[PDB]
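J.: Shown below is the structure under consideration.
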Amino acid sequence: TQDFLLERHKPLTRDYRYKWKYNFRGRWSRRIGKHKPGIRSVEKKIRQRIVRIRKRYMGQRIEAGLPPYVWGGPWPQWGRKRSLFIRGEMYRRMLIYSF
Amino acid sequence: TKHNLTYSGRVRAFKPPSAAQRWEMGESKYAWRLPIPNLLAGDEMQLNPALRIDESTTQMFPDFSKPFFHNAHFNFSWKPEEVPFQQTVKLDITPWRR
Amino acid sequence: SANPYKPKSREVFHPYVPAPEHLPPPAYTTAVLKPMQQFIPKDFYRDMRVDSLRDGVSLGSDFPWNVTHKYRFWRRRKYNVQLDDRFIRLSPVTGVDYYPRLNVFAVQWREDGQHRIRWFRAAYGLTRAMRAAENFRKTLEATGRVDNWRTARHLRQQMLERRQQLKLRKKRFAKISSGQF
Amino acid sequence: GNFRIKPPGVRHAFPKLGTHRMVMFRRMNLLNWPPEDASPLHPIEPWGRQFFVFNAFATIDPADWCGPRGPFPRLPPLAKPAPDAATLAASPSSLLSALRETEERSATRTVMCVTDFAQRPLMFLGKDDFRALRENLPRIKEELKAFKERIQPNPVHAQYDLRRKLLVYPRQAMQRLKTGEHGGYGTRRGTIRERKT
Amino acid sequence: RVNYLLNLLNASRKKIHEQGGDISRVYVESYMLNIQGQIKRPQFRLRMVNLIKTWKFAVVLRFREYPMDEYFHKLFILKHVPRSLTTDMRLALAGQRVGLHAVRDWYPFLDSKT
Amino acid sequence: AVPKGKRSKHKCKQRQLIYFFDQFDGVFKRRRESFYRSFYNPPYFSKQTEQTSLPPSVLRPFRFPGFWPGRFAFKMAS
Amino acid sequence: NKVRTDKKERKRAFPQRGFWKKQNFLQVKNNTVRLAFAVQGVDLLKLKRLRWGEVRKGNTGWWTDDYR
Amino acid sequence: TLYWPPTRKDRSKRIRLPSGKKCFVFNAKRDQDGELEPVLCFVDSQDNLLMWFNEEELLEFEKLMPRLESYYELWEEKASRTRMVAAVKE
Amino acid sequence: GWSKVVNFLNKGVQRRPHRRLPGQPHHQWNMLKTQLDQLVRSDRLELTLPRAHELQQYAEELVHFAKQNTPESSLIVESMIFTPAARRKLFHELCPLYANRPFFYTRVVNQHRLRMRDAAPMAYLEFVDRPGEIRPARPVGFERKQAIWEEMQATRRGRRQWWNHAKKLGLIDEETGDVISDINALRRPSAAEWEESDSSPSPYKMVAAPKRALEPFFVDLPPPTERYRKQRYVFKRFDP
Amino acid sequence: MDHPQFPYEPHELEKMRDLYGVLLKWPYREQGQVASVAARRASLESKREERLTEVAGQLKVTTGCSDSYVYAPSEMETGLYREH
């Protein structure tokens, strides 16, 4: 540890050229997204890029004709409403009315 | 170009369901297995729908015991019994209470 | 808002739907289902599978897929997948909520009768902000700054400063309780 | 992707939504590919490389080849020329067909084609190459196993953690929500109101 | 918008060549501008309505074919040589499209120093 | 702030000449020099104008026949 | 509108640096048209790209010229 | 030393197929992220890359191999019959 | 405007080491990386003169670090590049091609013409020593040694002018004091060649061709640059 | 495999931000190396505890030859929904 602190080292990659602290929205800048003025987070950026990669892979399998398999692990819940079951109940009522 | 194009500002073509897709006077999806249709077919027609599968569009059959999409090869609004029991998940709307 | 006009129960309701009161028995009830003597009328299954949904209890082992005919949702149905049960922005810690317009996690509590709220900006990270809010709430609970979660020790400790303030008030209004003025 | 040229009906009978839209927009460039007599394409996991077998067109003898020309040298096919203008005029064929007649080629060279997920060709193998690979298979598995052991995890994963532990890491402020006349004090208070009933 | 002037010049050169003038000794001696008008468009602003103008103009050019004596006195005696001609000479010499005698042949007109 | 009087024709002419010299020495001389230096290379051939343009060429014409000492054309073959 | 009764000419009295080209939407539409033609054996893009007086049968071009 | 062409010790003994093509095993920078992984590589008679197979890809290819032999046989018969047609039609 | 204001406002001003592209720094870095990937894939790009001058340094950095062949340099190149096609092209073609080139793998050529639409000066940025390059690349290594040896033997002026450098290069024979006779004696294996430690009648034998071996059969497919194509620009109609 | 699941754990967010150009080309990694997915898996396993050869799937054959099949009612008027 002391040897490291004594030695001068170099950046691992070139990713420091992003200069993320300058990825900002001004006070009077037009609202692009839901970002408040100041430095913008990168969580949404990373999520969207990963979505693009996953979509590319799945579409590639579709084109190739590989079996229609999916990742089985834990899918997070992104919504609160039980739309599936509420709509199912509505459909049940409509069918009863037709009968 | 035929009906593959709309000749107006319409972007998305709307077409009502076809007569064969309707139920009354529609095509039964299991009639190809019946005696009379096969008697009338002779050697002019083959009624098995497996013969009309487009090789460049359909995917390989998956294992039913593993995660897979319903839209690949079923093409109907019900769950085949050969697919194993599925888990019904009900949202936990008030986690703080427990 | 937690209105007094919302329903008590938060479940999904499936009411019992009665048929018009004067209709005779439906057609499919004329079927004879003895194995030795069978007669299955027209539209037997069509009528009976919809009549079975009437009571609102026997919704079907595959509900709502047994009444969802549109292929828009069947095209999206997956099999043999494991799904979560909790919306990602809900915390199990009481008093933690999310304000989306401000992009903050709020902790709301009561301390000495007053209603107090603190903000935790989520731009630094959703998980970080939510965990900071939960930690703040638990720290308040532990230190006894939440009334309903206080302990006997917290009540005893707070009673000392309560007594000091009450003695100050008594000295403030001494001249009235004595009979002078 | 082997459309049906001049098909029945008035609308495309194949899916055109989602990834299928771009699939068809890609396949419409190469109506002649894959070849008409080609075997069924068989894909493999995980990247969807495909194999199929077909008879290719014979080429001229290289000794007669005039040589390479242009950015993409190629051997001309061995093709029988189309009938001449005089012959076509004397024939009973219509002007449309007469104009549309082309050369005749010989599809007599059996070969296997390996393609990617999009049927783009990658490599062609004859029966002799296929059999040689099949014979050499067992040693290839041993070589794969041996070269697997040379794998070492990337060092950046540990280096990043070390630098995080030992170096200064600034964390700038974000989301400084601005106030109006009334300033901020770190906490908010809810008002008390008595019922007017 | 200089494409208009370029079209006029190209057409004039072609016309003179077709009529038999020596393009090599045709000079632009003078010009004349003649207004034709201006098309006006409304421009709506905070407190007033303005009118923005697009001009309409005509250009008359006077070309003159110098007699051979004047051409000689200009190019050879006064060394007032077209830069297009000098560039063509230099390109020919650089590309070796002419013989070595061309250097002394074109010395009176080649470069500023010569 | 606004002008207190109309600028005269004399001063407008002066401004015309001054702006001419400014634009000349700032833009036009440089552009002409670059244009004449570009002649030492084959003319640019835009691949987006293939449908209507001539085939690519390298030769640049000598445009003053009265100063050409060489041959102008080759005799017809047989 | 086509009858030029609107006030859309008012903005066009002021300069703008540029305008969106809607190339994604336009290319989707163009490729839909191309697919409709191609399912019947027509190379609309090739026809559009042909030079005046140029004849190219099948999917041929400069590369065919090079290798033939 | 360069990553490509792999040096002596960075690759196995090259198999020479009876068409001028060679195949060997080495660790290649995979297309997904460039991380090294052992692949069965393929080159032409002039030592230009054609493609490579991962271990899983190679195992699936081996699984499918016997069927491709039958395809070879059938299409060889088809090519022979086309040759016969050409001979009959001069 | 007025042209002399450029002089007036630049009196006493330094040139920026990096030309700044539009947008924020992350966008600028993404743009530079994307254009570097495209330059690798195409071997040459028609750009504006400033943009070529700006992207040249990143192209040089990419080649320099790709040649080193260490995990650290590999990660640097990975941080610089986006696409698998660019990665494959770089590592399998440019690195062997530049194995003996110490540095300076690219060039910028000023077209000396202004773009029609917006009067933007134009230039090319291209990797050196590739087929179709604007001008021929000079040799490096033993090839350079051979070129200098030939120049020395051509004339006495060449011998005098390369005499001292030839001593360091090893082209001078110490025994006789003259230039060596067999330049082939200085040949040594290069990294671009396949080390031979691994040490015709087939119906499908590959045929020799200048760039890639050719198959002895024909497949009706255009070249990859022509297989898939689309209209370069679909017209957007004016809405009056 | 697994890839990071939004919302990301702060360390994951922070590392991916610092190594955007390297770690986001192929974010797939073996099970257990992604904290976001591992935590969700563990929570689901705990909730489960609190609560308490590969062959292609095929639909069974629906055709026949015997008299029992040939002379059986077509049941087209009956409203059978599970057509197959």
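How things are named: the first chain in the structure tokens is A, the next is B, and so on; residues count from 1 in each chain; ligands count from 1 in the order shown.
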Just want the 12 Å neighbourhood of residue 87 (chain E), counted on only C-alpha atoms, with same-chain residues fewer than 6 positions away dropped. Output as a list in words.

T.: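 Non-adjacent residues within range: residues 81, 93, 94, 106, 109, 110, 111 and 112 of chain E; 33, 35, 36, 37, 38, 39, 40, 60, 61, 62, 63 and 64 of chain F.
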
J.: Give me, as an MDAnalysis selection string, the residues of chain A touching chain B, with the criterion being at most 7 Å (counting only C-alpha atoms).

T.: chainID A and resid 65:72

J.: Create the file for the chosen residues now, containing C-alpha atoms and written as a short mmCIF file (atom, residue, chain, number, x, y, z; two decimals), in the first residue's frame.

T.:
data_model
loop_
_atom_site.label_atom_id
_atom_site.label_comp_id
_atom_site.auth_asym_id
_atom_site.auth_seq_id
_atom_site.Cartn_x
_atom_site.Cartn_y
_atom_site.Cartn_z
CA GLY A 65 -34.66 -19.11 -35.76
CA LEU A 66 -33.33 -20.40 -32.45
CA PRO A 67 -35.87 -21.73 -29.94
CA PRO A 68 -37.98 -19.02 -28.25
CA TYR A 69 -36.17 -19.14 -24.91
CA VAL A 70 -36.01 -16.31 -22.36
CA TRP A 71 -33.97 -15.40 -19.31
CA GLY A 72 -35.81 -16.97 -16.40
#

J.: Please, what distance in Å, to one decimal, runs between CA of residue 50 (chain C) and CA of residue 99 (chain A)?

T.: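 These two atoms are separated by 7.4 Å.
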
J.: Give me the residues near residue 10 (chain G) as a VMD selection string, where near means some atom within 8 Å (using only C-alpha atoms) and where sequence neighbours in that chain fewer than 5 positions away do not count.

T.: chain E and resid 42 to 44

J.: Tell me which protein, DNA and RNA residues are within 12 Å of residue 25 (chain F), counting only C-alpha atoms, leaving out same-chain ones fewer than 6 positions away, and put them as a ChimeraX atom specification.

T.: /F:18-19,31-33 /I:2-4

J.: Could those residues be written to a file, using N, CA and C atoms, as a tab-separated table (two decimals), in the first residue's frame?

T.:
chain	number	residue	atom	x	y	z
F	18	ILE	N	-14.44	50.45	-48.83
F	18	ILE	CA	-13.75	49.88	-47.67
F	18	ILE	C	-14.18	48.44	-47.45
F	19	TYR	N	-15.48	48.17	-47.52
F	19	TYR	CA	-15.97	46.82	-47.34
F	19	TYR	C	-15.54	45.91	-48.48
F	31	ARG	N	-9.73	32.30	-51.21
F	31	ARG	CA	-10.50	31.28	-51.91
F	31	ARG	C	-9.96	31.07	-53.32
F	32	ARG	N	-9.61	32.16	-54.01
F	32	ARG	CA	-9.05	32.04	-55.35
F	32	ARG	C	-7.71	31.31	-55.32
F	33	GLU	N	-6.86	31.62	-54.34
F	33	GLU	CA	-5.57	30.94	-54.24
F	33	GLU	C	-5.74	29.45	-54.01
I	2	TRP	N	-17.03	41.56	-40.50
I	2	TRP	CA	-15.80	42.18	-40.98
I	2	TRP	C	-14.65	41.22	-40.73
I	3	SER	N	-13.82	41.01	-41.76
I	3	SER	CA	-12.79	39.98	-41.69
I	3	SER	C	-11.66	40.36	-40.74
I	4	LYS	N	-11.34	41.65	-40.63
I	4	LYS	CA	-10.24	42.08	-39.77
I	4	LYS	C	-10.52	41.84	-38.29

J.: Write out as JSON lines a residue-level contact list of chain A versus chain H with cut-off 12 Å: for each qualifying residue the closest pair of atoms and the distance in Å to one decimal, counting only C-alpha atoms, rows sorted by chain and residue number upward.

T.:
{"residue": "A:53", "atom": "CA", "partner": "H:32", "partner_atom": "CA", "distance": 10.2}
{"residue": "A:56", "atom": "CA", "partner": "H:32", "partner_atom": "CA", "distance": 11.8}
{"residue": "A:57", "atom": "CA", "partner": "H:32", "partner_atom": "CA", "distance": 10.5}

J.: Would you mind exporting the chosen residues as a short mmCIF file (atom, residue, chain, number, x, y, z; two decimals), in the first residue's frame, restricted to N, CA and C atoms?

T.:
data_model
loop_
_atom_site.label_atom_id
_atom_site.label_comp_id
_atom_site.auth_asym_id
_atom_site.auth_seq_id
_atom_site.Cartn_x
_atom_site.Cartn_y
_atom_site.Cartn_z
N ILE A 53 -28.66 -3.49 -25.95
CA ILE A 53 -27.86 -4.70 -26.14
C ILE A 53 -28.73 -5.95 -26.05
N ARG A 56 -30.93 -6.29 -29.11
CA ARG A 56 -30.16 -6.78 -30.25
C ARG A 56 -29.98 -8.29 -30.17
N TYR A 57 -29.58 -8.80 -29.01
CA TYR A 57 -29.34 -10.23 -28.90
C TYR A 57 -30.62 -11.03 -29.15
#

J.: With a distance threshold of 10 Å and counting only C-alpha atoms, extract the residues of chain J near chain D and express them as a PyMOL selection string.

T.: chain J and resi 15+18-19

J.: Compile the residues of chain I that lie within 7 Å of chain H, evaluated using only C-alpha atoms, and express the compilation as a PDB file with C-alpha atoms, in the first residue's frame.

T.:
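Dumped everything to result_32.pdb:
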ATOM      1  CA  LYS I  67       0.177  -3.025 -31.279  1.00  0.00           C
ATOM      2  CA  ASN I  69      -0.552  -6.555 -26.995  1.00  0.00           C
ATOM      3  CA  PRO I  84     -16.808  -5.933 -33.361  1.00  0.00           C
ATOM      4  CA  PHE I  91      -6.350  -6.414 -34.734  1.00  0.00           C
ATOM      5  CA  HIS I  92      -6.249  -8.790 -37.720  1.00  0.00           C
ATOM      6  CA  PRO I  96       0.058  -6.996 -38.747  1.00  0.00           C
ATOM      7  CA  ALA I 191       5.917 -10.209 -36.378  1.00  0.00           C
ATOM      8  CA  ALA I 192       3.520 -10.044 -39.341  1.00  0.00           C
ATOM      9  CA  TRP I 194       3.429 -16.846 -39.375  1.00  0.00           C
ATOM     10  CA  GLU I 195       6.174 -18.549 -37.385  1.00  0.00           C
ATOM     11  CA  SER I 197       7.009 -23.871 -35.634  1.00  0.00           C
ATOM     12  CA  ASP I 198       4.039 -25.788 -37.050  1.00  0.00           C
ATOM     13  CA  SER I 202      -8.441 -31.571 -54.438  1.00  0.00           C
ATOM     14  CA  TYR I 204     -12.241 -27.726 -54.146  1.00  0.00           C
ATOM     15  CA  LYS I 205      -8.693 -26.350 -53.937  1.00  0.00           C
ATOM     16  CA  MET I 206      -8.675 -22.603 -53.334  1.00  0.00           C
ATOM     17  CA  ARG I 212      -7.984 -13.299 -50.573  1.00  0.00           C
ATOM     18  CA  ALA I 213      -8.058 -16.882 -51.785  1.00  0.00           C
TER      19      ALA I 213
END

J.: Taking only C-alpha atoms into account, produce a table as JSON lines in which each residue of chain D with an atom at most 12 Å from an atom of chain A appears once, together with its shortest atom pair and the distance in Å to one decimal, ordered by chain and rising number.

T.:
{"residue": "D:1", "atom": "CA", "partner": "A:63", "partner_atom": "CA", "distance": 9.9}
{"residue": "D:15", "atom": "CA", "partner": "A:63", "partner_atom": "CA", "distance": 11.9}
{"residue": "D:17", "atom": "CA", "partner": "A:59", "partner_atom": "CA", "distance": 11.8}
{"residue": "D:18", "atom": "CA", "partner": "A:59", "partner_atom": "CA", "distance": 8.6}
{"residue": "D:19", "atom": "CA", "partner": "A:59", "partner_atom": "CA", "distance": 5.7}
{"residue": "D:20", "atom": "CA", "partner": "A:63", "partner_atom": "CA", "distance": 7.5}
{"residue": "D:21", "atom": "CA", "partner": "A:63", "partner_atom": "CA", "distance": 10.5}
{"residue": "D:22", "atom": "CA", "partner": "A:63", "partner_atom": "CA", "distance": 9.4}
{"residue": "D:23", "atom": "CA", "partner": "A:63", "partner_atom": "CA", "distance": 6.6}
{"residue": "D:24", "atom": "CA", "partner": "A:63", "partner_atom": "CA", "distance": 9.8}
{"residue": "D:26", "atom": "CA", "partner": "A:63", "partner_atom": "CA", "distance": 10.6}
{"residue": "D:27", "atom": "CA", "partner": "A:63", "partner_atom": "CA", "distance": 10.6}
{"residue": "D:40", "atom": "CA", "partner": "A:65", "partner_atom": "CA", "distance": 11.6}
{"residue": "D:41", "atom": "CA", "partner": "A:64", "partner_atom": "CA", "distance": 9.2}
{"residue": "D:42", "atom": "CA", "partner": "A:65", "partner_atom": "CA", "distance": 8.5}
{"residue": "D:43", "atom": "CA", "partner": "A:64", "partner_atom": "CA", "distance": 6.3}
{"residue": "D:44", "atom": "CA", "partner": "A:66", "partner_atom": "CA", "distance": 7.2}
{"residue": "D:45", "atom": "CA", "partner": "A:66", "partner_atom": "CA", "distance": 7.4}
{"residue": "D:46", "atom": "CA", "partner": "A:61", "partner_atom": "CA", "distance": 8.2}
{"residue": "D:47", "atom": "CA", "partner": "A:61", "partner_atom": "CA", "distance": 7.1}
{"residue": "D:48", "atom": "CA", "partner": "A:64", "partner_atom": "CA", "distance": 5.2}
{"residue": "D:49", "atom": "CA", "partner": "A:64", "partner_atom": "CA", "distance": 7.3}
{"residue": "D:50", "atom": "CA", "partner": "A:64", "partner_atom": "CA", "distance": 7.3}
{"residue": "D:51", "atom": "CA", "partner": "A:64", "partner_atom": "CA", "distance": 10.8}
{"residue": "D:115", "atom": "CA", "partner": "A:64", "partner_atom": "CA", "distance": 9.7}
{"residue": "D:116", "atom": "CA", "partner": "A:64", "partner_atom": "CA", "distance": 7.7}
{"residue": "D:117", "atom": "CA", "partner": "A:64", "partner_atom": "CA", "distance": 4.4}
{"residue": "D:118", "atom": "CA", "partner": "A:63", "partner_atom": "CA", "distance": 6.3}
{"residue": "D:119", "atom": "CA", "partner": "A:64", "partner_atom": "CA", "distance": 7.8}
{"residue": "D:120", "atom": "CA", "partner": "A:64", "partner_atom": "CA", "distance": 10.9}
{"residue": "D:154", "atom": "CA", "partner": "A:12", "partner_atom": "CA", "distance": 11.9}
{"residue": "D:155", "atom": "CA", "partner": "A:12", "partner_atom": "CA", "distance": 9.9}
{"residue": "D:156", "atom": "CA", "partner": "A:12", "partner_atom": "CA", "distance": 7.1}
{"residue": "D:157", "atom": "CA", "partner": "A:12", "partner_atom": "CA", "distance": 10.3}
{"residue": "D:158", "atom": "CA", "partner": "A:12", "partner_atom": "CA", "distance": 11.2}
{"residue": "D:159", "atom": "CA", "partner": "A:12", "partner_atom": "CA", "distance": 8.1}
{"residue": "D:160", "atom": "CA", "partner": "A:12", "partner_atom": "CA", "distance": 8.0}
{"residue": "D:161", "atom": "CA", "partner": "A:12", "partner_atom": "CA", "distance": 11.7}
{"residue": "D:162", "atom": "CA", "partner": "A:1", "partner_atom": "CA", "distance": 9.2}
{"residue": "D:163", "atom": "CA", "partner": "A:4", "partner_atom": "CA", "distance": 9.4}
{"residue": "D:165", "atom": "CA", "partner": "A:1", "partner_atom": "CA", "distance": 10.0}
{"residue": "D:166", "atom": "CA", "partner": "A:5", "partner_atom": "CA", "distance": 7.6}
{"residue": "D:167", "atom": "CA", "partner": "A:5", "partner_atom": "CA", "distance": 8.5}
{"residue": "D:168", "atom": "CA", "partner": "A:5", "partner_atom": "CA", "distance": 11.5}
{"residue": "D:170", "atom": "CA", "partner": "A:21", "partner_atom": "CA", "distance": 10.2}
{"residue": "D:171", "atom": "CA", "partner": "A:21", "partner_atom": "CA", "distance": 9.2}
{"residue": "D:172", "atom": "CA", "partner": "A:21", "partner_atom": "CA", "distance": 7.4}
{"residue": "D:173", "atom": "CA", "partner": "A:39", "partner_atom": "CA", "distance": 7.7}
{"residue": "D:174", "atom": "CA", "partner": "A:39", "partner_atom": "CA", "distance": 5.6}
{"residue": "D:175", "atom": "CA", "partner": "A:36", "partner_atom": "CA", "distance": 5.9}
{"residue": "D:176", "atom": "CA", "partner": "A:38", "partner_atom": "CA", "distance": 7.2}
{"residue": "D:177", "atom": "CA", "partner": "A:36", "partner_atom": "CA", "distance": 7.6}
{"residue": "D:178", "atom": "CA", "partner": "A:37", "partner_atom": "CA", "distance": 9.3}

J.: Just give me the gap between CA of residue 65 (chain G) and CA of residue 45 (chain I) in Å, one decimal is fine.

T.: 26.1 Å

J.: For chain D, list the residues within 6 Å of chain H, counting only C-alpha atoms, and write the list as an mmCIF file with N, CA and C atoms, in the first residue's frame.

T.:
data_model
loop_
_atom_site.group_PDB
_atom_site.id
_atom_site.type_symbol
_atom_site.label_atom_id
_atom_site.label_comp_id
_atom_site.auth_asym_id
_atom_site.auth_seq_id
_atom_site.Cartn_x
_atom_site.Cartn_y
_atom_site.Cartn_z
ATOM 1 N N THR D 108 -23.839 -27.681 -59.954
ATOM 2 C CA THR D 108 -23.360 -29.054 -59.844
ATOM 3 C C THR D 108 -22.247 -29.223 -58.816
ATOM 4 N N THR D 110 -21.597 -29.474 -55.031
ATOM 5 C CA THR D 110 -22.132 -29.605 -53.682
ATOM 6 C C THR D 110 -21.176 -28.980 -52.676
ATOM 7 N N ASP D 129 -13.160 -31.437 -46.772
ATOM 8 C CA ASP D 129 -12.861 -30.622 -45.600
ATOM 9 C C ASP D 129 -13.751 -31.009 -44.426
ATOM 10 N N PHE D 147 -6.427 -24.910 -23.703
ATOM 11 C CA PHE D 147 -6.345 -23.458 -23.821
ATOM 12 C C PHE D 147 -7.302 -22.745 -22.877
ATOM 13 N N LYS D 148 -8.350 -23.424 -22.405
ATOM 14 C CA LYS D 148 -9.219 -22.820 -21.401
ATOM 15 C C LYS D 148 -8.446 -22.508 -20.125
#

J.: From the list C:88, C:152, C:32, C:168, which residue is nearest chain J when using only C-alpha atoms?

T.: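 Counting only C-alpha atoms, the residue closest to chain J is C:88.
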
J.: Give me, please, the distance in Å between CA of residue 19 (chain C) and CA of residue 60 (chain C), quoted to one decimal.

T.: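 A separation of 19.7 Å between them.
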
J.: Mind listing the alpha helix (DSSP H) residues of chain G, per DSSP on the backbone, as a list in words?

T.: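 Taking chain G and keeping alpha helix (DSSP H) gives residues 23, 24, 25, 26, 27, 28, 29, 30, 31, 32, 33, 34, 35, 36, 37, 38, 44, 45, 46, 47, 48, 49, 62, 63, 64, 65, 66 and 67 of chain G.
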